[PDB]
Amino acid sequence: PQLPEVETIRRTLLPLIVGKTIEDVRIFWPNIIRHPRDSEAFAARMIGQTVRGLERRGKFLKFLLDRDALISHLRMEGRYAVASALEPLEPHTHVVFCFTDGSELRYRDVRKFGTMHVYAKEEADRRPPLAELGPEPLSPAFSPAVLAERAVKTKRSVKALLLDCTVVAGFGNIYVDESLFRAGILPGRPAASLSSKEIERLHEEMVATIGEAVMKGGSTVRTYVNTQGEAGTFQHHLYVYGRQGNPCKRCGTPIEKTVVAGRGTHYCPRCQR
């Protein structure tokens, strides 16, 4: 899940939990719990708190409780659902928050990569994992100037640059490849090689792509669904991601796939330079 997927989950999850009070927290894979590292303290502190809000920062969900914020990262496969305490759990359910009304917030994660950190609200933004995060791409804090400043300082690939959460928040493998295609820039280009015009174009396409994907409920390419289990539709608007061997939608040249920055990387060798 990237920004659009996490944002769609945020919007669809909030009404199902807002105003509910935690009665128990049950943990079946303690490694997911990162702070307090003692899962017993993590569970104990949340009991009796009420969910007041749910925000997103980058790819993180921020559950606003009473004293605390719970910072949750889904990583590759994490997901939330709300269901009755009376029903058996689904496979791969690793954390459950039980509410006083008999419903439960269930966290499922087949690969177990997800993380949870709880801090006092006023502390969460200055501690890991939120502390190092770059600007929200849909905010004024993300500008061509901000992008140029990081690009000029490094010979790392432009793909690696956009995947760096400290540069800009919320971009992952799908939206980096898509933004680079739309901007006409090869993903293996050294970041420092980008012209002023290319930086401007890249910023414009990054903002447009993310916004469009939010509007379309995210990209369901393998396993992502919203809180109601509904697939996104942005996958129908992809130019390159997962389209290797298929014709480019713009020029008909077969899309190629390589490895860049240790990641599967999709591009059109004609449209991108």
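Each form is matched to the other, and the largest set of C-alpha atoms that superpose within 1.5 Å is called the rigid core. From 1 onward, residues are counted along the sequence shown.
Chemist: Please pick 21 to 29 or 245 to 253, whichever has its Cα atoms farther from the shown form in 4 other deposited structures of this protein after a rigid core fit.
Modeler: The more displaced stretch in 4 other deposited structures of this protein turns out to be 245 to 253.
Chemist: Do a third or more of the other compared PDB entries fail to give coordinates for residue 66?
Modeler: No, none of the compared structures omit it.
Chemist: Is it true that at least a third of the other compared entries have no coordinates for residue 231?
Modeler: Across the compared entries, residue 231 is left out in at least a third.
Chemist: Output the stretch having the higher mean C-alpha B factor in the entry; the candidates are 230 to 238 and 23 to 31.
Modeler: Mean C-alpha B-factor is greater for 230 to 238.
Chemist: Looking only at CA atoms, which has the higher mean B factor in the entry: 111 to 119 or 158 to 166?
Modeler: Of 158 to 166 and 111 to 119, the stretch with the higher C-alpha B-factor average is 158 to 166.
Chemist: Report the option among 216, 62, 67, 59 whose CA atom has the maximum B-factor in the deposited record.
Modeler: In this record, 216 carries the highest C-alpha B-factor of the candidates.
Chemist: Looking at 184, 129, 172, 78, which has the highest Cα B-factor in the entry?
Modeler: In the PDB entry, the greatest C-alpha B-factor among 184, 129, 172, 78 is found at 129.
Chemist: Within this chain's modelled residues, let me know which third the CA B factor of residue 43 belongs to: lowest, middle or highest.
Modeler: Lowest third - that is where residue 43 ends up once the chain's C-alpha B-factors are sorted.
Chemist: Report the third (lowest, middle or highest) to which the CA temperature factor of residue 85 belongs, ranking only the modelled residues of the same chain.
Modeler: Residue 85: CA B-factor falls in the middle third of its chain.
Chemist: Among the modelled residues of this chain, does the Cα B factor of residue 273 put it in the lowest, middle or highest third?
Modeler: Ranked within chain, residue 273 CA B lands in the highest tercile.
Chemist: Which third, lowest, middle or highest, does the C-alpha temperature factor of residue 16 belong to within its own chain?
Modeler: Ranked within chain, residue 16 CA B lands in the middle tercile.
Chemist: Mind checking which third residue 206 falls in for C-alpha B-factor across the chain?
Modeler: It falls in the middle third of the chain.
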